[PDB]
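Structure first, then comments.
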Amino acid sequence: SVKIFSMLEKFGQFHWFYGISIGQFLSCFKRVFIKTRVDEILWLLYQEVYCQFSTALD
């Protein structure tokens, strides 16, 4: 999650519209549980983060 958040911040550096908050990221992560258990959670986190914050990019 730290690595992903750093990547999103680097995205936000390039264009003023691409910024990212921390509450937004935390809520996106929280939405994982509602929808090797640790590996499943990690995979779900990646999928949810992508499908959440890809629509905000060109």
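Chain identifiers are assigned as A, B, and so on, following the order in which chains appear in the structure tokens; residues are numbered from 1 within each chain, and ligands are numbered from 1 in order of appearance.
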message = Excluding region 41-55 of chain A and its own-chain neighbours fewer than 6 positions away, which residues fall within 7 Å of it when counting only C-alpha atoms? Please give them as a PyMOL selection string.
response = chain A and resi 28-29+32
If you keep N, CA, C and O atoms, can you produce a file of those selected residues as an mmCIF file, in the first residue's frame?
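Final file, result31.cif:
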data_model
loop_
_atom_site.group_PDB
_atom_site.id
_atom_site.type_symbol
_atom_site.label_atom_id
_atom_site.label_comp_id
_atom_site.auth_asym_id
_atom_site.auth_seq_id
_atom_site.Cartn_x
_atom_site.Cartn_y
_atom_site.Cartn_z
ATOM 1 N N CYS A 28 -10.984 3.379 -0.329
ATOM 2 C CA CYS A 28 -10.882 2.386 -1.391
ATOM 3 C C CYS A 28 -10.401 1.053 -0.842
ATOM 4 O O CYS A 28 -10.926 -0.005 -1.206
ATOM 5 N N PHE A 29 -9.402 1.083 0.041
ATOM 6 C CA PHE A 29 -8.935 -0.150 0.664
ATOM 7 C C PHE A 29 -10.021 -0.783 1.526
ATOM 8 O O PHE A 29 -10.188 -2.006 1.525
ATOM 9 N N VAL A 32 -12.521 -3.214 0.135
ATOM 10 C CA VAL A 32 -12.091 -4.559 -0.240
ATOM 11 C C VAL A 32 -12.867 -5.608 0.543
ATOM 12 O O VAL A 32 -13.388 -6.575 -0.026
#
All helix (DSSP H, G or I) positions in chain A, as a PyMOL selection string = chain A and resi 2-14+16-18+22-34+37-53
